[PDB]
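Student: Pasting the sequence and an experimental structure:
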Amino acid sequence: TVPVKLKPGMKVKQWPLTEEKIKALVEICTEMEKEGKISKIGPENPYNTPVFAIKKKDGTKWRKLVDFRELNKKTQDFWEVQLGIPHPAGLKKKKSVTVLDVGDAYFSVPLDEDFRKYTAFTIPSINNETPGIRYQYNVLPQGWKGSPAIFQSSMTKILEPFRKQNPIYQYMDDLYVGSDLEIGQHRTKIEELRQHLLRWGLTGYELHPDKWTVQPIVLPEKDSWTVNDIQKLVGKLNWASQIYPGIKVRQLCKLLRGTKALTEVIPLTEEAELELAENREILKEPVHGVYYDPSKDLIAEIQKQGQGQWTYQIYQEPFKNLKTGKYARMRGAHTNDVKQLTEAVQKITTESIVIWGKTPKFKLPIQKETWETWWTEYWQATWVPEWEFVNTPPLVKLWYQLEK
Amino acid sequence: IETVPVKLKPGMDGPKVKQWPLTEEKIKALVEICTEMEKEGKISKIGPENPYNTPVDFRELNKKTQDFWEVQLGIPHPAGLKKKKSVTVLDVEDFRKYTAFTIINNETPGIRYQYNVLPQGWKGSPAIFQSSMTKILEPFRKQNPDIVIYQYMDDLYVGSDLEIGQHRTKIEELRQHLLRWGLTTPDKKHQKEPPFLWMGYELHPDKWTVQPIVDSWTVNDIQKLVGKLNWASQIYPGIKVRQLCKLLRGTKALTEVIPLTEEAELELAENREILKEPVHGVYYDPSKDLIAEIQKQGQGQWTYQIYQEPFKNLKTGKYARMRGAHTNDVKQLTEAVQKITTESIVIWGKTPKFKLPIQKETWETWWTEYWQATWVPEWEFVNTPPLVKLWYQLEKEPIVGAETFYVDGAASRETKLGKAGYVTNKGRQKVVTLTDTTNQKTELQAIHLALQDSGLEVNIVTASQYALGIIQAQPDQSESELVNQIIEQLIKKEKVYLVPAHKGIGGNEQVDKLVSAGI
DNA sequence: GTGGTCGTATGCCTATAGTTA
RNA sequence: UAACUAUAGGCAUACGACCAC
C-alpha cells in the first residue's frame, strides 16, 4: 500500500445510458463486488465519476469504462511529478508496433484508504425508478493515471528479464512494443512476452510508425487557366501564407487587370509560372521553426470534407503543424459521420502516444449532445482524451483537401 | 438500525446562534410535545456540556453539514412507467450533539435537548432515509421480481400485473417486513384508492392525466400563463408560447400591464381551444417500438408526439430555441430530433424510430455540403401540410455567358454611413448611400442590389466571408429583413454562382474605390 | 488599443409551472 | 423565505473566428 493525496486547494454528473447498457453494467459490478474489487457505499459520499459501457472485439462482451478525466486533473502532481513515467524518443522510429491490453493487472494491487472516496461512481436508472446503485474502487482502477505510477515499481522488475534479453513503453492500461524485426518474426516475439505475462499470473491490430510519412499538399495541375481558377487559388494560398511564409500571390494577382468574366481564359506569363512552381516546392519541403514543447499542451483539429473523407492537424501553436494527414474511411460495410470520426480520434490518439506520449485536445465539428450519445457505440480504447466542440471555417476546409 | 456516519464541513464548528424573544403561549405547548418525544426515545436531556444551539429551523446547521449525493435529481415521467393491473400506495452518535436546541424570563438557562434520530428539515435526513429503505426492500425485490416497487420521499408505490386477490396479499407481506424495523403503514381500509395525486399528475392503472388547467393582465400574469402552458406541453401537442415570450422581452417592471398584440392573442385563443377537450397519456410497453413524429407549426417552432400505438400518445412536447439567428429548417429539425433522442434515453431507455417531414433527397444534399457531423440511425418520410423545403442551391461551377458582378460594401461606425456598389465586365455600375448601417449590413445590401438588377444566370464575386457564409446556409428566421429579400430573389433565378480583400485583384479593386470614396 | 458580428462554454439574476420544508 | 426539476428572458466574463481604424 502507498498513501495518495490530492493537489492542495482542490463531482461530475452522470450521463444517461440505454436500457441494455445499464443491465450490462449491473452484471459486471455484481461480479466485481464478490471478487473484492468494488464495494457499496451510502449517500454520505458527494464525489461522483461518469461511467460508460463499451464493446470489445476479442472478448465480444461488454466492458466497463469509467471517465476519470476530471479526477486526473486533480491528481496530476502524483503521476507526473512524484511518480512520473519516463518517455524515450526512439519509439517513433520502428518497423512494426504491436499494442496489448494489460488492464486486468491493476485489479490486484490495493488502493489508499484515504483516497478511495474520490473514485466513487453511480450507475443510472431508467426513468429514475431506483435511487441508483453506488460503488467505489478498493483496488487500482482502469483509466486512472495513478495506477501505472504505483505499479511502475513492479512493472520495471517484471520487464527486466525481457529488456536484458532484447536490448518498450507503458502508457495507461495499454502496452506499446516496437521492433525492427520481420513480419513473421514480430508475431513470435510478442507471444514470448505474452507467455511471460502468464508466469506472473496476469493477462489484425498492428502499427507501422515508419509509414506515417507526412503527405505534402499538391496544387492543381491545369493545362488552361481561367479567372475563376486563379481567384480560388489566390484565396487559398493567401490564407496559407501565415502557415508557410514562402507562398506569394502577387504575380498571380497582376494577371487580373480590370473587370473580367470568370470564364475568360488568362495565359500564365513568365512571372506567373515561375511563382506558382516555386510555391509547390515550399509545400513539398517541411516548414522551418516547428519544434515540440513539453511544457505546452497538444491540440488536434479534425475537419469534415464529405464523401467519406476526413482531414486532421496536430499542433501546439496555431498555423504551426507538427503532424498532418487525412483519414479517409474504414472502407466497406456500414460507416456513418460519428463512426468515421470515432475511428479517427482513436487513431490520432494512438499516434500521439508513440511519438510524444501525451493525449491531445480534440477539436470536433460536432454538437455536444450528438457526440455524447453515440460515441460509446464505436469506442474501444480505455483512455479518454479531452475534447472540445468548435466551428469549422470554410478556408481551412478547402485547403487540406488538396493534401495527397 | 445501522447508523450512517455523518461529519461536518472541513473548517467550520457547530452553530452558536442564540434564541429568539419570548412567547410563553407556545412554550407551554412545546414542553408537552418534547416530553412525549423524550419518553419514546427520540430526544435526550443534556446540560452545560453542549455548546451548540439551534433556534426547529436547521438553516445554520445545513450550511455547515457535509454535502450528500443526490436523492432523486430527475423526477420519473408517467410515460416511462409500466401498465399494471393493481396499484397500491403506502404512507410512512457523535453527530447528535450538533442537533442540540434550546427552548421564560430574561435569559434563563433554558431546556436542553438533542436529536437521537433523524430530524426533519435537515440536509441529510431524506438521504439516509432512502439509503436505509433500499437495503430493507432488497430481500423483497429479489423474492418478488414480478412486482414493481417505487420509493418517493416517505411514500411507496407498489404495482403489479397480478389479480386483485393476489396483489392485496403481497402488500400485507410487505407491511410485515417494514414493521420489523419499525415503520408504520396504513391498513387495507386506510389505503388510498387508484386515483393517485403525485407531482401534479392524476395517476391511473391504465392511463395518466394532469389536473385541469383553468382584460389586459399584468406582465407577471403572462409569465403565470406561460408556465401553465409549458406544464401542459407534455400532454397537449398543439401549444404555441413564442408570442407571449416576445412580450416577456420587457425588463424589470412588476406592474407594467403589457397590452396584447393581434398575433399574440391569436395563438392564445387557439390554445384555449386545445385545453378544452380532456386528454390522457399511455404507459410504456417493452415489446412495442417507439415512434416519434415531427411537425413544423411556424417560425422557429417545432412540435412532437411520441407514441407506440397510433392516436395513443405517450408524451408530447416542443422545440423552439435551437441555435441562434441562423436556423436552417434541416439543421433546426435535427437539433429538435437530438433533444428527443436524449429524452428517450432518460425516460424509456431506447432510441425511437422517427417520422420526419423531410425527404431523403434533401437530407443527403444538406449534410454532405455541411461541415458539422450528425447521425440519425432510424427515420422515415411522412408527408405533412407544412413540409420542410430547401429553397435554393448555389452553382458549383461558373456560368457561361452570364453577366459578372463584382460586389463590395464599406461602412464607418462614425455617424453610421455606408455605401454599396457593383461593377460588371460589360460596364454597368451603380453606387448608393445608406443611413444607420454597419459593414456587415452594407455588404448584405450589395448582394440584394446585385440580384435585383441582374438577369437569370448571374455570377457574383464578393470579398467578404460573412456575406458568403449566410447565403451558403438557409436562414429561416425574422433575422435580417434584408436576407428574406435575398432568399426570395434567389428562388426566382435559375442559376446563381457565388476573394481576399486589399490584394489588387482586377474587378474587386474598381468597386472598393467607389464605395470607400467618402469613407 | 477601440467597436461591431458569428459559434462554443461558464456564471447568476429576474420570473413561471409541478412539489416540498 | 429557501431547495429540486423544467421552460421563458436579460446581463457579464473568457476563448475560437471575422471586419474596420
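Tutor: Right, received. Where do you want to start? Numbering: from 1, shown residues only, chains lettered A, B, ... in the order given.
Student: how close does the residue of chain A found nearest DNA strand C get to residue B:338?
Tutor: At 3.6 Å from DNA strand C, residue A:368 is the closest residue in chain A, using CB to the nearest atom of the strand. From N, CA and C alone the C-beta is placed, and that goes for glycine too. Distance, residue A:368 to residue B:338, using CB to CB, to the nearest Å: 10 Å.
Student: how about stretch A:6-22, does it reach DNA strand C?
Tutor: No - Stretch A:6-22 does not reach DNA strand C (CB under 7 Å from any atom of the strand); its nearest approach is 9.8 Å.
Student: can that stretch be found next to chain B?
Tutor: Yes - taking CB under 8 Å from any CB of the partner chain as the criterion, stretch A:6-22 and chain B are in contact, through A:16, A:17, A:18, A:19, A:20, A:22.
Student: contact partners of that stretch?
Tutor: A:25, A:46-53, A:62, A:67, A:70, A:74-77, A:118, A:121-126, A:132, A:372, A:376, B:342, B:345-346, B:348-351 (CB atoms under 8 Å, 6 or more residues apart in numbering or on different chains).
Student: Filter the residues you listed down to just the buried residues.
Tutor: A:25, A:47-53, A:62, A:67, A:75, A:118, A:121-126, A:132, A:372, A:376, B:342, B:345-346, B:348-349, B:351 (16 or more other CB atoms under 10 Å in any protein chain shown).
Student: quick one, domains of the chain?
Tutor: Reading this off chain A. Following automatic domain parsing, one finds the domains of chain A at A:19-211, A:227-284, A:299-397.
Student: My question was about chain B, not that one.
Tutor: According to automatic domain parsing, chain B comprises the domains B:27-179, B:219-274, B:285-381, B:403-515.
Student: and those as a markdown table, adding distance to DNA strand C?
Tutor: Shown next, in a markdown table, are the domains of chain B (distance: least, CB to the nearest atom of the strand, whole Å):
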| stretch | distance to DNA strand C |
| --- | --- |
| domain B:27-179 | 4 |
| domain B:219-274 | 3 |
| domain B:285-381 | 3 |
| domain B:403-515 | 5 |
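Student: and of the ones you listed, who's closest to residue A:309?
Tutor: Closest of those to residue A:309 is domain B:285-381, at 10.8 Å (criterion: CB to CB).
Student: near RNA strand D, anything from the top helix by length along chain B?
Tutor: Ranked by number of residues, the top helix in chain B under DSSP state H is helix B:125-143. No - with CB under 7 Å from any atom of the strand as the criterion, RNA strand D is not reached by helix B:125-143; the gap is at least 10.2 Å.
Student: ok, back up a step: count of neighbours near the nearest residue in space to the residue of chain A closest to DNA strand C that is not next to it in sequence?
Tutor: Among residues not flanking residue A:368 along the chain, residue A:389 sits closest, at 5.3 Å (CB to CB, 6 or more residues apart in numbering or on different chains). By the criterion of other CB atoms under 10 Å in any protein chain shown, residue A:389 has 16 neighbours.
Student: Let me see the residues that make contact with the longest helix of chain B.
Tutor: So helix B:125-143 is contacted by A:42-44, A:130-131, B:2, B:4, B:6, B:68-69, B:71-72, B:118-119, B:149, B:151, B:153-154, B:173-174, B:177-178, B:181 (CB under 8 Å, 6+ apart).
Student: In that helix, which residues are buried?
Tutor: Buried, per 16+ other CB under 10 Å, within helix B:125-143: B:125, B:126, B:127, B:128, B:129, B:130, B:131, B:132, B:133, B:134, B:137, B:140.
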